[PDB]
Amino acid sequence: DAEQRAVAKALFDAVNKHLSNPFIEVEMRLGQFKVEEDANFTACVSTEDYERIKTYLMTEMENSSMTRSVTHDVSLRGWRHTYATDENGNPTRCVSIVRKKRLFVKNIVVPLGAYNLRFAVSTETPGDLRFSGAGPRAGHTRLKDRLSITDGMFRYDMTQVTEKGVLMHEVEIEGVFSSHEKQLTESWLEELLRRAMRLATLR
C-alpha cells in the first residue's frame, strides 16, 4: 500500500515525457511467463479465471456502461487493419488502420500465485484507409469477441480471441481520457495498479 505508491511514482516518472505525443495509449495486461514455447510473456488468462473475472466485474459495476463487439483484425507489415463482422463472424468492411509503437513497457511485481501484469504505454497512430484494399486475409488474422466495461477513466477489456483455430482469453484495463496529458496522473496510475492487482489475485 505504501510500496504501491512507490511503483505508481516510478511508472509516472518514466512515462511523463511521452504524454505530449498524439494518439497515446496506456494499458495493463494480465498474463504469464513461459506458457508458450516461442514467447516470453503471453497476455492471456485461463478459461476459468476469465469467467470469474467476468462474474466479478459484471456484479461490481453493473451500473457501468458496457458494450460488446466482434471484429476481425489482420496484421500486415507492422500495421493492424480492423474489419467489422457480420452475423456469421466474417469480415465485411474495414473500419480502422493503426500502427502501434511501444514507447515504454514495465513488468509489475505481483503476489505469489497471481497473474503477471504488464504495463505498456504506446502510440496507435491511425492510417490511410485506402490500404484496406489488401483485403481481410493478406496476413495473420485474429477474430476478437470483446466485452468492454467503462468505469470512470478505466475501461476493462475481456476478449475471446480465435487465432488459427485455437481460442484464448485476454484481460486488460485501458485508460479512457478526454486528454491524456492532463488526466493521466500519478494518482491515476496508483488506481490502475490497485484495480489491476484486484483482477490478478482472485483465488
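The first residue of the shown sequence is 1; numbering continues from there.
- Per the compared records, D128 is unresolved in at least a third of the other entries whose models span it.
- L76, present in the displayed chain, goes without coordinates in a third or more of the other PDB entries compared that cover both sides of it.
- Relative to its counterpart among 46 to 54 and 59 to 67, 59 to 67 has the higher mean temperature factor, C-alpha atoms as listed in the PDB entry.
- Once the C-alpha B-factors are averaged per stretch, 111 to 119 and 86 to 94 rank with 86 to 94 first.
- Per the deposited record, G165 carries the highest C-alpha B-factor of all listed residues (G139, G175, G135, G165).
- Across the residues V26, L143, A39, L30, the deposited record lists the maximum Cα B factor for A39.
- In this PDB entry, the Cα temperature factor of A6 sits in the middle third of its chain's modelled residues.
- Annotation for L202: C-alpha temperature factor in the highest third relative to the rest of the modelled chain, per the entry.
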